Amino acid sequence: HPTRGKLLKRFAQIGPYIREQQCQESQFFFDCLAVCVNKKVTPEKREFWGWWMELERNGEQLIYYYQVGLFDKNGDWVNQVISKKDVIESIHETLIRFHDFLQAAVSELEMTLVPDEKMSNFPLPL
């Protein structure tokens, strides 16, 4: 096919990125809590700068849409990022590394990765 189950399993093998509970039919969800916002906050209320990605399946095509931003206390992602070079670089390194592994996994599945049209406004190289 390959099966949704096959995809889920192979994507989970990339590492601690896929969030299975937020995946449904033909849509997969990945994220990365890359940098803590403020460690003075109690652990359970801490927030993180990072990225999240939505992967739509369209037959043998997987269509990717990454956003950079903020993961708040509720587990909501917001498209706002601290304007610090070092933090942005850290987010970008985790994203690039992930995308490289994703490329490899999709190639092994004999499928193809393609950017969402909204990636034209993505503010980092990829």
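In case it trips you up, residue 1 is the first one in the sequence shown, and so on.
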Exercise for the section: Would you determine, from the values in the PDB entry, which of 4-12 and 116-124 has the greater average C-alpha temperature factor? Expected result: 4-12
Fill in the blank from the handout: Entry B factor averaged over C-alpha atoms, 24-32 against 79-87: higher for 24-32
Completion exercise
Reading the B-factor column for Cα atoms of 57, 99, 46, 92, the highest value belongs to 57
Completion exercise
By the entry's values, the third containing the CA B factor of residue 74 is the highest
Problem - Ranked C-alpha temperature factor of residue 61 among modelled chain residues, by third - result: highest
Exercise for the section: Please place residue 67 in the lowest, middle or highest third of its chain by C-alpha B factor as given in the entry. Expected result: lowest
